[PDB]
Each structure stands twice: as C-alpha cells, then as structure tokens.
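Engineer: Experimental structure and sequence below, a few questions after.
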Amino acid sequence: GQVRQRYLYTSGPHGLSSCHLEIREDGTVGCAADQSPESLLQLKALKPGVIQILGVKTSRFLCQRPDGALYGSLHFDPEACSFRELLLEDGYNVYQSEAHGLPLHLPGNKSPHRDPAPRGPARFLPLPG
C-alpha cells in the first residue's frame, strides 16, 4: 500500500494570504491561510492511477458529491472518493474524480470573485507532510 503525507496548496484570488485546502470536523471544506494540520492529507494508492485522500487530523475521507461539491466523510466511497492523478508539463498536479469524471475544486457554486473565462479545475501543489 503506497501512501504519502503532504499538504494540499492551491493559489487563488488575492486575499488575506495563501489558500491551503482545509477539512473541518463538521465535514465542511474550504481553504486555509494559517496552514494547520487540518490541511494535511495522506494520499493512499488504491489502484494504479487511482488514489484516496484521508485527512489525518479529522480522520475523515474527502469525497466529492455528484454536484461536484467537496466534503469529508466518515465512510470510504470509491465511486466518489476515488481520484485520478494528473500531471501537467508545467510540473503541477491536479485531481479528478475517476468515477464520474467530476473535477476537484474548492466549494463555491458561482458566487466568489473569479477572473473572466473559467479555465476549469484548480491547480494543486502537494507540499511534504
């Protein structure tokens, strides 16, 4: 079982500071600027090309719902928590639900400030954890 511990970091619109993926005990998901353990996710390799992300602090599995929303769960669901590893020539890494092909991104259904023209999924940088 190949597993690694790393912090998920994705750049976004100017704000208080950097934005790091953060999982709450309530099962909510959002970014963090204080960089804490909640933003520490241990990725486990289920099958070649497919991995799972478990929050060590919350011990909750991060799964994406059909609507494409992110949320922590007390149970493992391959059909939603299974993600595919994407590598860009630029050297960035992104995740996409293999089950339905839904893109992985922070919650925000049309509302927060977003530059013109939506590129699509947000880029994530995994820091050693």
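Structural biologist: Thanks, I have it. Residues are numbered from 1 along each chain as shown.

Engineer: drop to CA atoms for contacts and neighbour counts, all remaining ones
Structural biologist: OK.

Engineer: just the strands in the chain please.
Structural biologist: Secondary structure of the chain by DSSP state E: the strands cover 3-9, 20-23, 29-32, 40-47, 50-55, 61-64, 70-73, 83-87, 93-97, 125-128.

Engineer: What residues sit buried inside the last one?
Structural biologist: The one in question is strand 125-128. Across strand 125-128, burial judged by 16 or more other C-alpha atoms under 10 Å covers 125, 126.

Engineer: by contact count, what packs against it?
Structural biologist: Helices and strands touching strand 125-128, by 3 or more C-alpha pairs under 8 Å, 6 or more residues apart in numbering; DSSP states H and E, are strand 3-9.

Engineer: Okay, angle between the strand it packs on and strand 40-47 too, please.
Structural biologist: On the basis of axes from the mean of the first three to the mean of the last three C-alpha atoms, to 10 degrees, strand 3-9 is oriented at 130 degrees to strand 40-47.

Engineer: how far does strand 3-9 sit from the chain's center?
Structural biologist: Here strand 3-9 is found 10 Å from its chain centre; the criterion is C-alpha atoms, centre = their mean, to the nearest Å.

Engineer: Only C-alpha atoms, please: export that strand in PDB.
Structural biologist: This file holds the C-alpha atoms of strand 3-9, laid out as PDB (Å, rounded to 0.1, in the frame of the first residue of the first chain):
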ATOM      1  CA  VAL A   3       0.900   6.100   0.900                       C
ATOM      2  CA  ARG A   4       2.300   9.600   1.300                       C
ATOM      3  CA  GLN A   5       1.700  12.600   3.700                       C
ATOM      4  CA  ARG A   6       1.500  16.000   2.100                       C
ATOM      5  CA  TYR A   7      -0.300  19.400   2.400                       C
ATOM      6  CA  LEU A   8      -2.500  20.500  -0.500                       C
ATOM      7  CA  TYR A   9      -1.800  24.100  -1.600                       C
END
